[PDB]
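K.L.:
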Ligand SMILES: CCCCCCCCCCCCCCCCCC(=O)OC[C@H](COP(=O)([O-])OC[C@H](O)COP(=O)([O-])OC[C@H](COC(=O)CCCCCCCCCCCCCCCCC)OC(=O)CCCCCCCCCCCCCCCCC)OC(=O)CCCCCCCCCCCCCCCCC
Ligand SMILES: CCCCCCCCCCCCCCCCCC(=O)OC[C@H](COP(=O)([O-])OCC[N+](C)(C)C)OC(=O)CCCCCCCCCCCCCCCCC
Ligand SMILES: CCCCCCCCCCCCCCCCCC(=O)OC[C@H](COP(=O)([O-])OCC[N+](C)(C)C)OC(=O)CCCCCCCCCCCCCCCCC
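Residue numbers (the working numbering), protein chains in the order written: chain A, 473 to 649; chain B, 9 to 179; chain C, 64 to 103; chain D, 4 to 462; chain E, 4 to 103; chain F, 63 to 190; chain G, 0 to 86.
#1: Can you give, in chain order, each stretch of the alpha helix (DSSP H) that sits fully within the segment 285-327 of chain D and has at least 4 residues?
#2: Please name the residue in D:417, D:398, D:446 whose C-alpha comes closest to that of residue 74 (chain D).
#3: Between residue 109 (chain D) and residue 203 (chain D), what straight-line distance do the alpha-carbon atoms span, to the nearest angstrom?
#4: Sorted by chain position, which residues of the same chain lie with C-beta nearer than 7 Å to residue 26 (chain D)'s C-beta, five sequence neighbours on each side aside?
#5: Could you run through the segment 567-600 of chain A and flag, in chain order, every residue whose CB is less than 9 Å away from some CB of chain D?
#6: With a cut-off of 8 Å on the beta carbons, I'd call residue 210 (chain D) and residue 230 (chain D) a contact; round off their distance for me.
#7: Apply the 10 Å Cβ neighbour rule to residue 69 (chain E) and answer buried if 16 or more other Cβ atoms are within range, or exposed otherwise.
#8: Would you mind stating whether residue 287 (chain D) and residue 272 (chain D) have Cβ atoms separated by less than 7 Å?
#9: Looking only at DSSP bridge pairs, what is residue 344 (chain D) linked to?
#10: Determine the DSSP secondary structure at residue 633 (chain A), reduced to helix, strand or coil.
#11: Which complete alpha helix (DSSP H) runs does the segment 84-171 of chain F hold, if anything under 4 residues is left out?
#12: Where in the segment 70-153 of chain D do unbroken runs of the alpha helix (DSSP H), each at least 4 residues long, occur, reported from the N-terminal end onward?
#13: What is the DSSP secondary structure of residue 54 (chain D), reduced to helix, strand or coil?
#14: Between residue 44 (chain E) and chain D, is the shortest Cβ-Cβ distance under 7 Å, so that the two count as touching?
#15: With 7 Å as the threshold, decide whether the Cβ of residue 85 (chain E) is near any Cβ in chain B.
#16: What is the rounded straight-line gap between the Cα of residue 571 (chain A) and the Cα of residue 65 (chain F)?
#17: Our contact map puts residue 280 (chain D) next to residue 412 (chain D) with C-beta atoms below 8 Å; I'd like the distance itself, whole angstroms only.
#18: What are the residues in the segment 163-177 of chain F lying within 7 Å of chain D by C-beta distance?
#19: Please go through the same chain and pick out, in chain order, the residues whose beta-carbon is closer than 7 Å to the beta-carbon of residue 395 (chain D), but skip the five residues on each side of it.
#20: My guess is that residue 284 (chain D) and residue 343 (chain D) are in contact by the Cβ rule of under 8 Å, so how many angstroms apart are they, rounded?
#21: How is residue 274 (chain D) classed by DSSP in three states: helix, strand or coil?
#22: Establish whether the CB of residue 126 (chain B) and some CB of chain F are separated by less than 7 Å.
#23: Could you name the residues that DSSP lists as bridge partners for residue 59 (chain D)?
#24: Which residues in chain F have a C-beta closer than 9 Å to the C-beta of residue 244 (chain D)? List them in chain order.
#25: Cβ-heavy atom distance between residue 67 (chain D) and ligand 4 below 6 Å?
#26: Flag this pair as touching only if the segment 49-69 of chain E and the segment 637-649 of chain A have three or more C-beta atom pairs under 8 Å; answer yes or no.
#27: Mapping DSSP to helix, strand and coil, what is residue 178 (chain D)?
#28: Does DSSP classify residue 81 (chain F) as helix, strand or coil?
#29: Going by the C-beta, is residue 438 (chain D) closer than 6 Å to any heavy atom of ligand 1?
#30: For residue 255 (chain D), write down the residues that DSSP places opposite it in a beta bridge.
#31: Between E:22, E:85, E:96, E:49, which lies nearest to residue 78 (chain D) when the distance is taken from Cα to Cα?
#32: Whole angstroms is fine: what's the gap from residue 58 (chain D)'s alpha carbon to residue 303 (chain D)'s?
#33: Is it buried or exposed, residue 345 (chain D), if we count other Cβ atoms within 10 angstroms and call 16 or more buried?
#34: Going along chain D in order, which residues have a C-beta closer than 7 Å to the C-beta of residue 98 (chain B)?
#35: So the alpha helix (DSSP H) residue 118 (chain B) belongs to, where does it begin and stop?
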C-alpha cells in the first residue's frame, strides 16, 4: 500500500501483519499474562489451520474474512507503546531535538567553552564535504535511466568511500537529547 | 484623612476578648510581634519622612470655577457664550459622575461592613443610591457619544413636556 | 528573493498599438520610431 | 502643533545631509526625540480640547494617535534598514523621505481643526504610501495592490470632498470647534441619506468595512515592512478618527443609516476571523485579523455611546501596536526563509526561543488577554453593543472564540511542532529584531498600568 | 535563450564577518553605535522618562479635581437637606416650553 | 454475520477492509510501481539537495508553492459566474446579512417600544 | 532512572528471551543463528520473537523493519540503532 522499498505488501506480509495486530489487540482484551497466553495459543492454532493453503484465491478470501473478524473484535483502546505513534510519550522529545547545523551559528565565546568538541566537529564536516562529490557520482553512475525505481540507497562500494546520503542519518539527534 | 460626612461610618463596636479556654491563641502573639517587628520601624521611618515634610511646607489649592451663564441664556449660534456654557456643563457632568461614584462607594462599604445583615441595615444607602441614579439617568442618559448642553436641554424639555401633559390629562 | 522588476513579458504589454487589443484594433501596428513613413 | 511639524520636516535635511553610514542612526535618533517630545500633547482637560491655533487642535482622541504615529517612525526605520541594506543610497534616502513625509501628513491629519484640511492631509497620505508599496514592495502584485489601495480610497473620498464643501456652503464653516456648537439635526430624507453616505464611505473604505476590505489583503501583504506597519497601525485609524469627527454632523439619521453597516461589520468580523483559520500566507492572516479587529471599531463608532467610543479608541491604539508587532514578527521569519507561507518554517521555538516569547506575547495581546488595552477596548465595545442589542453578544462571543483560535494556530504552526528539516538558515535573533519587538510590546503592556490616556475625549 | 541578467545574489549572513553583530549594519562600529542609539534613546529616554512623565501628569482631564469638587457638593447638600442631584440639569424657571 | 463497516466522510474505510487492497492484477502492480517510481524520483531529488554540504537555505518545494498559488491567486482566473456560484454567493453572502438585520432590527424595535412605553426596567442603567 | 543500554546488555537480553522460547534449544542458539535457515522456525514464530523483543525492551518495531530481523544480531543492531547505544 505505502512502503519505501516495496511497491506493495505481499500476501504473506499481509497475513503476518494481521497476526501481529490480532495478537496485540488480543493482549489488550486479555490483560492478564496467562489468559493472554492461552488465547494467543488458540489464535496461533487458528492461523496454523490454513497455513498450508495452496489456492491463493481461497487464501485471499480467508485473509479478507479474517480482517472482518479482526475489525469486529478489535479493542477500542488497544495498548500503544509510549514512544509509538498514538502513544502518550510519542514525539515528546522533538522539542529537544535541535539539529546539528545550529552549532554553526554559535558565538565564538560559547564555541570556546567546548574546544575539543568543535575541533572534532570540524573533521566530521571535512569528511562530509570530501565525501559528497564521490557519493553524488556514485549515485548517478548506479541509478538507471529514468530515475530510481525504489527509495533504497546503495552502500559504499570502495574502501575509503562513505555510503551515499549519509549525513542526516548519522548526525540525527538522539531520542533522548 | 477625609471628611467623615461625605464618607460616613457608623461607630465601631468591638467586643472585649473573653477567652474561655486555657490555650493561648497565636493571634495575640503575632499581633505583638507585628507591633514590635513591623509597626514600630514603619512608624519611625514615617516620622522621619514627616519631619522632612515639615521642614519645607507648601500648599496646593482646589480650583474654584465661578458660575458662567448656562446654555438656556445663550443666544443661538453664539459660540462665545455657548462655549462657556458647554464647558460649565461638561464640568458639572464630570462632577455628577463623581457624585454617583461617591454614593456607590457608600453602598459597597455598607454592604461589606454590615455583613450578613446587610439587606436590612443598608436601606438608607440603597435609597440614596436609587435617588441619585434616577437623577443622573434623567439628566444624562441616552445623550450619546456626541453629548452637549444642547442635547441635555432638549432631553429636559422633552421630559418637561411629558410631565406637563401628564399633569394636564390628570386634572 | 530580490525585488521583482518587470520582465520582457511585462514590458511587451505596453508596446502595442493600443492597450487593449480587440478584434477591430488587431491589424494596427505601432507607428514608426522617427514618425516617418516611406514615400511609396 | 508647529513644534512637531517643523522637527518632522527637519528630518528631511537630516536624512539628506547625513553621511552614508549614518542615515539610519541619525533619523532613528531624532525621530525618537520627536516621539519623546510628543508627550506634551497630554495636556488635556476634562472640558476643553487643547486648541493651539486656528489651524490645529488636539483632544484626547487625536493625542494617542499622534503619539503612536510619532512612535512608529523609529520602529519603521529599524524594521526597514536590514532589507534595504543593499539599496542605492539615494533610493534609501528617498524611502526615508517617504516615511518622514507620511509622518508629516499624518500628524496634521489628526490635528486638523478644519475638515477640508483634514481631507487634504488625509488624501495626501495616499501618495507616500502608494510610492512605498509600489516601489519597495517585493513582488509583482504590489503594482496591482497599489491600484486597489489608490482607487478604493478615492472613489470613496471624492464624494466626501463634495459633501464637506456642501457643509462649507451650508454651515459657513468646517471648523470642528464651530461645528460643535452650530450642528443642526440631520433629518430623514434622500438628500440627507446620500449626504450620510458621502460623509461616511471614505472612512468605511479606510477602516475597512467588510465588503470594501479587498484592497487591504493586497496592500498590507505586498507592502514592505514599514509600509505594512504604517498601514495597519495608523492609516486604518484615519477612518475611525474621521468617523468620530464626522458623526457629529450626522445625527439623528445615523440611528438608521448605521443598520446595514453594523450588519456588515458584525457578520464581517465573523467572516474575516474565520478566514484567518484557513490562511496559508502568514502576512495575509495578520491583514485579515486587522479587518476583523477594525469591524469592532466600526460597530462602536456607529452605535455612538460613551462606552463604545472609549472602547473604539482604546482598540485602535492597541491594534496599532499589536498588528505592527505581528507584521514585524512575520517579517523576521520572512527575512530568514524568504517566503510568507506559514506552514513552511515550523518549530521555531526550538531554534529561536526569545523570538518565540515575542510571538507568544503578541498572540496573547491579539486574542485580547486581560488586562491588556486590547482587552479593554474589546470589552468596552462588547459592553456597549450588548446595551445596543443583547443578541450581539452571540456574534461578539463567537468572534472571541475564533480570534483565540486563529491567534494560537498562528502560534502553533510557526513556533511549535517539529522544525522543518531542510531549512538550515535560521539565524539567531538579531539585537535589532528583539529591540523592534520590545519597542512594540513594552509600551503596549505599560499602557495597561494607565489606560486613561488612550480612552479618548469622553473618558 | 532569455536576456542578459545578473543572477540572484546569495542572502548574506551578518554573523559570518561579524559574529558580534547587532544586525544594524555590516560595519561593526556603525552597528554598535546604532544599537546604542536605539537602546539609549528608545529605552533609557522615551520608555523610562516617558512612563515617568505619564505617571505624573498633572491631574489628567481633571478627574481628581472632579472627585474633590464632588466631595464639596455632597458635603454642602447632605448638611442642608437638599437632594444629592436634581433630575433637571437646568432650572425650570429659565425654560420656556412650546405651549400647547 | 458481522456488522459491515459503513464509511462516512469523517470516518473513512480501513485499508484492511477495502476490496481493492487485495487486487493482484498486473495493471495495479504497474500503477503501484509507477507511483513508487515517482515517489523515489522525488525522494532522490529532495535528498540530493537536503544532504548537500554547500547548501544553506530553504529547499524550495514547488508543490508547496503550487498549493499556495492555487489557494489564492488562481481562484478568480478560474471563476465562472453560473447558477451554482451565483446561488451560493447570494445564499452565503447576503443571506446572513438579511437574517441578522431582521433579528437586530426586531429586537431594537421591540426594546425601543418598551422604553418609550415605560415598560423596560432601566432602573440602574446609567452606563451605556 | 532509565539505566543506559549496552551492546552486551542488549545481546544478553535478546539471547535470554530466545533461550526462554520452547521452539529454540538454548545450546544451538548463537547471535548469528538464522531463525528460518538455522533454527527451522516459521514466519509466525519470527513475528512472535519480534513481539517478545518489543515486550522485552518496551518499544515497537514496525512491520517493515520486523520482517527483516532474521537473526539475534540483527535484532541487537536494530535496538542499538533505535536507542543510540555506545555514545
Ligand atoms: C512603570 C513601571 C512599570 C514596572 C513594572 C512592569 C510592568 C509591565 C511591563 C511589561 C513587562 C514585560 C517584560 C517581560 C516580557 C518581555 C521580554 C521577555 O520575554 O523576557 C524574558 C526574560 C526572561 O526570560 P529568559 O529565561 O531569559 O528567556 C525567555 C525564554 O526565551 C522563554 O520565555 P518564556 O515564554 O518562558 O517567558 C515569557 C513569559 C510568558 O508568560 C506568558 O506569556 C504568560 C502571561 C499571561 C498569563 C499570566 C499573567 C496574567 C495577567 C496577570 C498580570 C497582570 C495583572 C496583575 C495585577 C493583579 C490583578 C489585577 O512572560 C513572562 O514571564 C513575563 C511576565 C510578565 C507578563 C505580563 C503579561 C503578558 C501577557 C500578555 C498581555 C496580558 C495583559 C497585559 C498585562 C500588563 C500588566 C502591567 O525577561 C527579561 O529578561 C526581562 C527584561 C526586562 C523587562 C523590563 C520590563 C519593563 C519595561 C518597561 C520600561 C520602561 C518603564 C521602566 C520599568 C522597568 C521595570 C524593571
Ligand atoms: C468606495 C465605493 C463607494 C463610494 C460611495 C460614496 C458615497 C455614495 C453616495 C454619494 C452620492 C453623491 C455625493 C453626495 C453628496 C451629498 C451632498 C448633498 O448636499 O447632498 C444632498 C443633495 C440635495 O440637493 P441640494 O442640497 O442642492 O438641494 C437643496 C436641499 N433640498 C433637497 C431640500 C431641496 O443631493 C443631491 O443633490 C444628490 C445626491 C445624490 C447624488 C446621486 C449621484 C451619485 C450617485 C452615487 C455615486 C457614488 C460613487 C460612484 C462610483 C463608485 C466607484 C467607481
Ligand atoms: C499612548 C498612545 C500611543 C501608544 C504608543 C506609545 C509609545 C511611545 C512610548 C512613550 C512612553 C510610554 C508611554 C506609556 C507609559 C505607560 C506607563 C505609565 O506611565 O504608567 C503610569 C502608572 C500610573 O499609575 P497610577 O495612576 O497609580 O500613578 C499614581 C499617580 N501618581 C504617581 C502621581 C501618584 O505608574 C505606575 O503604575 C507606577 C507604579 C509602579 C509600576 C507598576 C508595578 C507593578 C507592575 C506589575 C507587577 C507584577 C504584578 C503581578 C504579575 C505577575 C507576573 C505576570
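We put the beta carbon where it would ideally sit given N, CA and C, even for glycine.
P.N.:
Taking the definition as stated:
#1: 285-306
#2: Residue mapping note: residue 74 (chain D) aligns to position 71 of the fourth chain, counting from 1. Answer by Cα proximity: D:446.
#3: The residue labelled residue 109 (chain D) in the question sits at position 106 within the fourth chain. The residue labelled residue 203 (chain D) in the question sits at position 200 within the fourth chain. Going by the C-alpha atoms only, they are around 20 Å apart.
#4: Counting from one through the fourth chain, the residue named residue 26 (chain D) turns up at place 23. Counting only Cβ-Cβ distances below 7 Å, and skipping sequence neighbours, we find 18, 95, 96, 99.
#5: 567, 568, 569, 570, 571, 573, 574, 576, 577, 578, 579
#6: The count along the fourth chain starts at 1 and reaches residue 210 (chain D) at position 207. The count along the fourth chain starts at 1 and reaches residue 230 (chain D) at position 227. With 8 Å as the limit, residue 210 (chain D) and residue 230 (chain D) do not qualify as a contact, their Cβ atoms being about 18 Å apart.
#7: Here residue 69 (chain E) corresponds to residue number 66 of the fifth chain, with the count starting at 1. Buried, because 16 or more other Cβ atoms sit within 10 Å of the Cβ of residue 69 (chain E).
#8: Within the fourth chain, numbered from 1, the residue matching residue 287 (chain D) stands at position 284. Within the fourth chain, numbered from 1, the residue matching residue 272 (chain D) stands at position 269. No, the Cβ-Cβ distance between residue 287 (chain D) and residue 272 (chain D) is not below 7 Å.
#9: If you number the fourth chain from 1, residue 344 (chain D) lands on position 341. DSSP output for residue 344 (chain D) lists D:284 as bridge partner(s).
#10: Position 161 of the first chain, counting from 1, holds the residue named residue 633 (chain A). In the structure shown, residue 633 (chain A) sits in a strand (DSSP, three-state: E or B).
#11: 88-112, 124-134, 145-153
#12: 92-113, 118-127, 129-139
#13: Indexing the fourth chain from 1 puts residue 54 (chain D) at position 51. Strand, per DSSP.
#14: The count along the fifth chain starts at 1 and reaches residue 44 (chain E) at position 41. At least one chain D Cβ lies under 7 Å of residue 44 (chain E).
#15: Residue mapping note: residue 85 (chain E) aligns to position 82 of the fifth chain, counting from 1. Not one chain B Cβ lies under 7 Å of residue 85 (chain E).
#16: As a working note, residue 571 (chain A) is residue 99 in the first chain. As a working note, residue 65 (chain F) is residue 3 in the sixth chain. For residue 571 (chain A) and residue 65 (chain F), the distance between alpha carbons rounds to 49 Å.
#17: In the fourth chain, the residue the question calls residue 280 (chain D) occupies position 277. In the fourth chain, the residue the question calls residue 412 (chain D) occupies position 409. That pair is a contact at about 7 Å.
#18: 163, 165, 166, 167, 169, 170
#19: Stepping through the fourth chain from its first residue, residue 395 (chain D) is reached at position 392. Only 269, 388, 389 meet the Cβ criterion.
#20: As a working note, residue 284 (chain D) is residue 281 in the fourth chain. As a working note, residue 343 (chain D) is residue 340 in the fourth chain. Their Cβ separation, rounded to whole angstroms, is 5 Å, which keeps residue 284 (chain D) and residue 343 (chain D) in contact under 8 Å.
#21: One-based indexing of the fourth chain puts residue 274 (chain D) at position 271. In this structure, residue 274 (chain D) counts as helix in the three-state DSSP scheme.
#22: Taking the first residue of the second chain as 1, we reach residue 126 (chain B) at position 118. Judged by the 7 Å Cβ criterion, residue 126 (chain B) is not in contact with chain F.
#23: Locating residue 59 (chain D) in the fourth chain gives position 56, counting from the first residue. DSSP, once it has assigned bridges, lists D:115 as partnering residue 59 (chain D).
#24: Residue 244 (chain D) sits at position 241 when you count from the first residue of the fourth chain. None at all; the shortest Cβ gap to chain F is about 22 Å.
#25: Ligand 4 is not part of the structure shown, which contains ligand 1, ligand 2 and ligand 3 as its ligands.
#26: no
#27: Position 175 of the fourth chain, counting from 1, holds the residue named residue 178 (chain D). Looking at residue 178 (chain D) - three-state DSSP - the assignment turns out to be strand.
#28: Counted from its first residue, the sixth chain places residue 81 (chain F) at position 19. Helix, per DSSP.
#29: On the fourth chain, residue 438 (chain D) is found 435 positions in, with the first residue counted as 1. Residue 438 (chain D): no, Cβ never under 6 Å from ligand 1.
#30: Against the fourth chain, residue 255 (chain D) aligns to sequence position 252. Its beta-bridge partners are D:189.
#31: The residue you call residue 78 (chain D) lines up with position 75 of the fourth chain. Nearest of E:22, E:85, E:96, E:49 to residue 78 (chain D), Cα basis: E:49.
#32: For this step, residue 58 (chain D) is matched to residue 55 along the fourth chain. For this step, residue 303 (chain D) is matched to residue 300 along the fourth chain. Residue 58 (chain D) and residue 303 (chain D): Cα-Cα distance of roughly 28 Å.
#33: Sequence index remark: in the fourth chain, residue 345 (chain D) carries index 342 (1-based). By the neighbour-count rule (16 or more Cβ atoms within 10 Å), residue 345 (chain D) is buried.
#34: Taking the first residue of the second chain as position 1, residue 98 (chain B) is located at position 90. Correct list: 49, 50.
#35: The residue you call residue 118 (chain B) lines up with position 110 of the second chain. From DSSP, the alpha helix (DSSP H) with residue 118 (chain B) extends over 87-122.
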